[PDB]
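Okay, structure first, notes after.
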Amino acid sequence: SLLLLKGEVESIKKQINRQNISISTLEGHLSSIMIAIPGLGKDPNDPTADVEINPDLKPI
Amino acid sequence: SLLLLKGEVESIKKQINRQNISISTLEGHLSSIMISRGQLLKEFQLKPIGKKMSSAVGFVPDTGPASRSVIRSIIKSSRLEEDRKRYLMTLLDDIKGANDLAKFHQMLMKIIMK
Amino acid sequence: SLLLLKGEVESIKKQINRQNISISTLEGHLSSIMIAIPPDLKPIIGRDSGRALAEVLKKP
Amino acid sequence: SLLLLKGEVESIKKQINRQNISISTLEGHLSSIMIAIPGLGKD
Amino acid sequence: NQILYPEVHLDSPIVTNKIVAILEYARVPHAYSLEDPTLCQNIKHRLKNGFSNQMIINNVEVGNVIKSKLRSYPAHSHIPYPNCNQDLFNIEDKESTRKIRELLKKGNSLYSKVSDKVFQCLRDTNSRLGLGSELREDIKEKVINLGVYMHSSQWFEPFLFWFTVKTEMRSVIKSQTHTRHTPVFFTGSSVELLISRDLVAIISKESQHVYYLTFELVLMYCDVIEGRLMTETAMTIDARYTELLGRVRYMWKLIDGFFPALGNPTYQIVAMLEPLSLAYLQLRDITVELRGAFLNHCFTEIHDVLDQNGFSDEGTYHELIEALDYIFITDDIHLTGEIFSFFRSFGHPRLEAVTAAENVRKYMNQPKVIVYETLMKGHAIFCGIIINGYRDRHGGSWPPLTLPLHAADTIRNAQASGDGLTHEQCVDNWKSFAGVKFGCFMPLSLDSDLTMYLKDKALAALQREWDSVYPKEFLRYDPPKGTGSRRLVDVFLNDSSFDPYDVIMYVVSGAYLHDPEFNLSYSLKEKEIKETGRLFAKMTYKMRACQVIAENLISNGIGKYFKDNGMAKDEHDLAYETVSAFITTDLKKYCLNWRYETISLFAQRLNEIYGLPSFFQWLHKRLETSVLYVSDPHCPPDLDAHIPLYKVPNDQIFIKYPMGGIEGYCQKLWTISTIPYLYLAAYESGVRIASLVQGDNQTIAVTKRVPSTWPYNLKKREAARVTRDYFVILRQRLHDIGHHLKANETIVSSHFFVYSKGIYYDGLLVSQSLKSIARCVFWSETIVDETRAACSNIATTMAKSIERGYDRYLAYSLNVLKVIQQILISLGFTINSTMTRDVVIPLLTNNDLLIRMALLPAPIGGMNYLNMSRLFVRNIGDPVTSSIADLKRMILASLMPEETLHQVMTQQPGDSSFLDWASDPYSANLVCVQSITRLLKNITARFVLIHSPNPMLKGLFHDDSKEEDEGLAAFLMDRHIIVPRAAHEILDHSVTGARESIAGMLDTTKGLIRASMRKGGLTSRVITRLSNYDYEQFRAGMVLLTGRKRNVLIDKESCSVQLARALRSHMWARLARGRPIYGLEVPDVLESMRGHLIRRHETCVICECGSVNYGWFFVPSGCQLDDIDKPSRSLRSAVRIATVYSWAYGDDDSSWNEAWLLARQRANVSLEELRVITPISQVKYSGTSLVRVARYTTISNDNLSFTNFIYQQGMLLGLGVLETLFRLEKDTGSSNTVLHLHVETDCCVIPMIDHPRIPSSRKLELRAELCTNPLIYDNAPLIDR
Ligand SMILES: Cn1nc(C(F)(F)F)cc1C(=O)Nc1ccc(S(=O)(=O)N2CCCC[C@H]2CCN2CCOCC2)cc1
């Protein structure tokens, strides 16, 4: 009877892997909303400036 | 075997604890950003097109002066015989009702198609 | 050694209980911002903090 | 004593399933959202 | 004054406030009423304090003269500008227009002396091509009596009146620039006229009506009446437009009858002329449910315009509808688009700034609601297009991007396996694109190009001196002085330290949001029919530079991915078949509907691709914190003191806090953002979409697959049904992002759409043939009145009229008549003070000299810029050979004497160097045949580009550049065999050609010429040379047509090619010194070809004579013509220099040494790499009227003995012959037609030299060092082949 718990523990792991993808979906929605609308960052530095910078620019 | 099961449960507890920090960070962001039939939009919807109203998708005779002029232009620009066109203009002068104008428009379309 | 897991499972239960409070707060915020559409019940948000909501919504 | 712990583990499985549904309905309200734009800039 | 002249044509808007300001400083009563009374209040406040200057004086005296004349007429009333058009479109006075009447009577006499010989020349040309029995009887009487038909029009006397008034006003302005005497009224039989520098007063003696006009109104009236005269003459004389004439004249009455009563709203009805015609075209649709879709909206708009103006009767509306039904209903498809030519025939409305300010303010201050899912689906399709483009140009590999954790398995496996994405996969998995982040894979190459800055655009003033544009006379206070510069190139070329990356860091660093001197202003457009008026914007230097840099970065990069799925031209010409319908709409107010939230995600993706932080969000963030205003000199703000822009009200001319876009300025970004929503509506409707933008119109082609066994009407109705379903889905999706598609304005059709060359109607072209005829106007838009440029403009407009379906012979006759009249106006009716009697009196007394100057072709020293071979084909090869052939055709038909041919061959040679020969290889070294404006622009542009301290022009321009160009030209051309064309190509692809291209893209206009004249860039010798250039070229023509030298070797009935060789040898004898000239001469098209029309049992006479070299054309019987059927640039330049040098001057080790030395200045390559990389040694009839026959004909060339130029121009001439044969026929009737076009080139042969290994006599100096500037030099060219 105690060896039957291994199927239940693996079923917990599938629920957690379903959970964090749904949280990652909520992260994708909150990232898209907060950057397309100005002023919602509450000063983390500007998210539109979160690009990488090497287009052969380097003036500074 | 049960000791091997214990280590997997320990790995679940770390992953659950990592998720609750992640939800707490999104709880801080979503509370500041976002803030129940309280209010309504004051006609910011697009007006849906009906079968009665004319649009780019098709011409339906309605209302007053413009529709009669458009129907008469359809009679003038058609390839029908001139006596038949004059008789249709006489019937159009006879027709007064809006549903009668729609029926005349459908009948005129059937004549032009054939 | 197998009976030492009693405090570990109870430690998991406090984490899910902490998660359930954070979900209930998130459900409280999204239920507050819903408006009716002339009963679709869709949420609406603004630029600074609901600045266009005085201009767009009907005066009650 | 180990059989008593199996009832608590199944209580965890039901509790995770309840949080996954409430997260799923949280995503549904957030995905159907609308943006209101003001007429004028403030300054 | 000096070299500069007052403008000839209208190029500015019409403002009410200018007229009001002139009449208030003149103290004359008037009937104008302003919507904003601020200007009159400012005038009254200035006059109360006793303010005066030199401009207020000399209008007080003019007003006193007007009042003293108006004492004589007691019952006088002033008529405003829109109400007087019917009075001023029909105005005549015999005594005021005596001189121009005598000049045009003399021109009629000169044309009547040679009209019959012109007809005989055209008749012989027609009879040579095989149409000797197809010439109509009316053509002879219309060619001979052309001037009688021109003088019989109703617009002739108004044309004389307005030409006289315009010429005297330009003379007064040119004289007063030098400076005086008081103006005096001149009394005629019907009118009394005063002409001043700024005001023209006309008093009608009978009606006692008084008209006050400015200079711009006189220019507009002259342009309108001259255009009406030309197009009425063209419609009266050509038979094809005769019934069209019977409609257009009626329109010219009807709208004029609306002008005394309606006034300025009448132009709104004129603004309905472009919709209504298309609406009447929609009455010929095969889908009978779509017949009155647009006509209902047009009639509702016309009823609303009549209702708001107080003319609300049923009878007036009904009579207007009957009149429009008479004007627009016709049976010919090809004449439906001719009303398009008559849009500008009624003038232009008067404008105010406050109305356009309200029109902008209504749309730029509107709240919107946007749903999130539609925006995210469009973003997903946008990302899918970028991914598919990068896979297409990098061999199926995905761009560098990181998908989020919540991405679907399909997108993850597509990234892992390098597989593409369809639109369905992007729409169904849009949440997988929510948190993506691109990498940097697009370079920023801004040092390689200079073309973006040298385009001339005006700059706004600084913010702190924003009142500097308004004069002191119209303000209640004293405005601050303006210290900023006014032009883009003036700031750019004087910039001692310029770096494009610093211009990028102006936005990236965020200093653009906080700089104090940023400003933006609006200005009214010049010539439009919209009563409110349209605006164009000007801003300061740095933000404009950032805007052009951003547009070029979008253009050269990501925009090429989106150009592939769409089509730039002609919609790619639109079992199962594909059936399509079309949706056309206008995009006038779509820029005002754009917001930050809609464009933000696309701008973030472009920021991640281009690696620029917060770059593409610049427009909305700058405009939401800045105050806009409309700037006109006569429309002042209602301010009693100077205040900054953040304190003005949100009223009058100001727009305080806009949220929206400017017209232009983000055009490619908005297009690339637009296409995903079209694809989303396509996926939701299940159709295929092609898109095309043209002018202000958007055209969407909806395509569906259909069974091929179905009848045509069922296929077309199914296409219309899925098209209207797509329209409903697209309207809902565009309202989801807030753009208001406006179904009332949109045309949905199954046959036609509007593009650049006309209207496409199911494979047919409906063109505006009479639009270019209205531009056949005396003089051209040049700073100096030049006769040769005017004659070239006349020839160009007549040729463009021929390409759209007008008759060739009548256009040639109109060209001859207009050249004769232009020469007589240039000699006798001009403001040029350099016209002395020594050339005026010998030309005006000698009639035959003027006729021979008008008929002689321009490549051989005459004034006729229209060749006869140009009447049939676009491309004539050798202008000299064609001119000699044309002259021999004139001698054969007794139009010109034989001795003139001798006078061509014994002509005095000009003085030009090897560089001038290499720049113009087909020139015959004539005397004073250049243009004043082109030479002045070249000298001014060269002076400024030498004296520019800009670091990008580091070493291209220097004082010894011209000596280097002359040395290179003498190295290329001074050989034992002279090849001008190869030297032209090598000089064009070299550093000299790059310098000439850079000087050519710099448009100086009038302002840079005035700046260089004040700074001393132009010396006095150049000014005195170019001020007398027209006089000297008239003297050169007079000397050419007088000299008595004759040679017995010259003879008619000889080859035109050999005569061209003799002329080129004689006129270039100083530089050539008897050495041969090779590669310039080709056979003439009309000389070498003879045509014949053959039935079934008829035999060809030319084939019986023994000629077997011909092309064969076939036209079947019973076809309805009207009805529907059923590396770097510098590396490429270096390779071009190497291959032209090796092909022309031989292939040897010394030849490749010289080729490598020439090509090393463009790219850093070795001799071996250059030797490896260089190579070693269905006619296009669309877009013209030629299509109308060419869809049925069949062309075979089996009997053509194969030289290539003859092979294409023969097929083009055959299509022209078949077009001319079936011009006035609805149907090819009952018999097949065979056209034989025989080529006779037993003459016209040249001794071929092939590659005779031509060596170099001179020494190649090159330069002491190579210019390593990235504009012209490629340091790392790599290898591609
Ligand atoms: C969101 N959406 N949906 C649709 C559709 F209905 F088609 F589906 C269309 C759009 C949309 O906004 N289109 C759009 C795209 C671009 C521009 S534009 O303003 O830059 N440009 C084109 C139109 C006319 C003005 C012209 C400026 C040209 N200047 C500069 C060059 O010299 C001459 C003047 C305006 C509108």
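Heads up: the sequence lines are chains E, C, B, D and A, in that order.
The first sequence runs 338 to 397 under the entry's author numbering.
The second sequence runs 338 to 372, 429 to 507 under the entry's author numbering.
The third sequence runs 338 to 375, 392 to 413 under the entry's author numbering.
The fourth sequence runs 338 to 380 under the entry's author numbering.
The fifth sequence runs 7 to 185, 190 to 584, 652 to 1203, 1231 to 1281, 1296 to 1320, 1329 to 1407 under the entry's author numbering.
Note that beta-carbon positions come from the ideal geometry of N, C-alpha and C, so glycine has one too.
Under a criterion of Cβ atoms nearer than 7 Å, no residue of chain B is adjacent to C/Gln352; the nearest Cβ is some 10 Å distant. With the criterion set as a beta carbon lying under 9 Å from some beta carbon of chain A, the members of the segment 392-411 of chain B are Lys395, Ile397, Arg400, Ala405, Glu408, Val409, in sequence order. Under the Cβ distance rule, D/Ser369 counts among the residues neighbouring chain B, one pair being separated by less than 8 Å. For C/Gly431, no CB of chain A lies under 8 Å from its own CB, so it is not counted at the interface with that chain. Closest in C-alpha terms to A/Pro526, from the list A/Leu545, A/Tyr532, A/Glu475, A/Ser533, comes A/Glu475. Remark: C-beta atoms of A/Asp477 and A/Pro490 approach each other more closely than 8 Å. Residues of the same chain with a CB within less than 8 Å of the CB of A/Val21, apart from the 5 flanking positions on each side, are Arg360, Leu361, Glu362, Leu534, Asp709, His711, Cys712 in chain order. Following the DSSP letters along the chain, one finds A/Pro510 inside the alpha helix (DSSP H) bounded by residues 510-518. Near ligand 1, residues with a Cβ at less than 5 Å from any of the ligand's heavy atoms are A/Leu664, A/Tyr667, A/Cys668, A/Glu740, A/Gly741, A/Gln744, A/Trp747, A/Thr751, A/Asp773, A/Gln775, A/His816; the list follows chain order. A Cβ-Cβ contact shorter than 8 Å links A/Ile777 with A/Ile660. When secondary structure is reduced to three states using DSSP, A/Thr1312 falls in the strand class. Take the alpha-carbon of A/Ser1133 and the one of A/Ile150: they are about 29 Å apart. Among the bridge pairs identified by DSSP, A/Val831 is matched with A/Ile836. Less than 8 Å separates the beta-carbon of A/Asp1080 from that of A/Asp466.
Closest option to A/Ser407, judged by alpha-carbon separation, among A/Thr420, A/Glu253, A/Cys393, A/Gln425: A/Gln425. In this structure the segment 738-752 of chain A lies against the segment 687-700 of chain A, because at least three pairs of beta carbons, one per stretch, are closer than 8 Å.
Just so you know, the alpha carbons of A/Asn923 and A/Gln984 end up roughly 20 Å apart. Counting along the chain, no alpha helix (DSSP H) covers A/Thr662; the unbroken beta strand (DSSP E) around it starts and ends at 653-663.
D/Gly378 sits close to A/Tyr734, with the two beta carbons spaced by under 8 Å. From the beta-carbon of B/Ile360, the residues of chain D found nearer than 8 Å are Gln356, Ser359, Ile360, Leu363. Here A/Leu413 carries a coil assignment [DSSP, helix/strand/coil]. For A/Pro784, the enclosing beta strand (DSSP E) stretches over residues 774-784. Here the alpha carbon of A/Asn1124 sits roughly 20 Å from the alpha carbon of A/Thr958.
At the C-beta level, A/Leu413 and A/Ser442 come within 8 Å of one another.
Unbroken alpha helix (DSSP H) stretches of 4 residues or longer found wholly inside the segment 1022-1070 of chain A: 1038-1050, 1057-1065, given in chain order.
Apart from sequence neighbours up to five positions away, the residues of its chain that approach A/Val950 with a beta-carbon distance below 8 Å are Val1162, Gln1335, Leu1338, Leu1339, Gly1342, ordered along the chain.
Here the alpha carbons of A/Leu1033 and A/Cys1393 stand approximately 7 Å from one another.
The segment 553-560 of chain A makes no contact with the segment 782-794 of chain A: fewer than 3 CB pairs, one atom from each, lie closer than 8 Å. The shortest C-alpha to C-alpha distance from A/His1174 to any of A/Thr1359, A/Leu1274, A/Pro1373, A/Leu431 is the one to A/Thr1359. Secondary structure note for D/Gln356: its alpha helix (DSSP H) is the uninterrupted segment 339-368.
Distance from the CA of A/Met1166 to the CA of A/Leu454, rounded to the nearest whole angstrom, comes to 55 Å. For the pair A/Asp1376 and A/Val1116, the Cα-to-Cα distance works out to about 40 Å. Using a C-beta cut-off of 8 Å, the segment 351-363 of chain D makes contact with the segment 346-353 of chain E, since at least three inter-stretch Cβ pairs fall below that distance.
Among the residues facing chain B, A/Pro377 is included, as its CB has a counterpart in that chain under 8 Å away. The beta-bridge partner set that DSSP reports for A/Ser1270 is empty. Three or more beta-carbon pairs separated by less than 8 Å are not found between the segment 911-929 of chain A and the segment 857-868 of chain A, which leaves the two stretches without contact.
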